[PDB]
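Below is one structure, written out as structure tokens; the observations come after it.
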Amino acid sequence: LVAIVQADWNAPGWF
């Protein structure tokens, strides 16, 4: 749900 890394599931990122 954040920015760093591909994505957590919905947001443009994971971390």
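We name chains A, B, ... following the order of the structure tokens; residues begin at 1 in each chain, and ligands are numbered from 1 as shown.
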_Need to verify the contact set: residue 10 (chain A), 8 Å, only C-alpha atoms, exclusion of same-chain residues closer than 3 positions in sequence. Can you return it as a PyMOL selection string?_
chain A and resi 1+7+13
Suppose we keep N, CA and C atoms; can you now write the selection as a JSON list (two decimals), in the first residue's frame?
[["chain", "number", "residue", "atom", "x", "y", "z"],
["A", 1, "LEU", "N", 0.79, -1.22, 0.00],
["A", 1, "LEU", "CA", 0.00, 0.00, 0.00],
["A", 1, "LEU", "C", 0.84, 1.30, 0.00],
["A", 7, "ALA", "N", 4.26, -3.33, -5.89],
["A", 7, "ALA", "CA", 3.06, -2.90, -5.19],
["A", 7, "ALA", "C", 2.73, -3.86, -4.10],
["A", 13, "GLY", "N", 2.97, 1.00, -4.86],
["A", 13, "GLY", "CA", 4.13, 0.41, -4.25],
["A", 13, "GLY", "C", 3.80, -0.42, -3.04]]
Residues at most 6 Å from residue 15 (chain A), counting only C-alpha atoms, excluding those fewer than 2 positions away in the same chain, as a PDB file with N, CA, C and O atoms, in the first residue's frame?
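Saved to part.pdb:
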ATOM      1  N   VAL A   2       2.068   1.290  -0.520  1.00  0.00           N
ATOM      2  CA  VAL A   2       2.850   2.544  -0.476  1.00  0.00           C
ATOM      3  C   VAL A   2       3.488   2.939  -1.830  1.00  0.00           C
ATOM      4  O   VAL A   2       2.772   3.354  -2.747  1.00  0.00           O
ATOM      5  N   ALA A   3       4.821   2.798  -1.969  1.00  0.00           N
ATOM      6  CA  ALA A   3       5.495   3.263  -3.192  1.00  0.00           C
ATOM      7  C   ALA A   3       6.687   2.386  -3.596  1.00  0.00           C
ATOM      8  O   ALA A   3       6.808   2.007  -4.763  1.00  0.00           O
ATOM      9  N   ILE A   4       7.562   2.067  -2.648  1.00  0.00           N
ATOM     10  CA  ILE A   4       8.752   1.275  -2.955  1.00  0.00           C
ATOM     11  C   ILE A   4       8.356  -0.163  -3.253  1.00  0.00           C
ATOM     12  O   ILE A   4       7.493  -0.716  -2.572  1.00  0.00           O
TER      13      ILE A   4
END
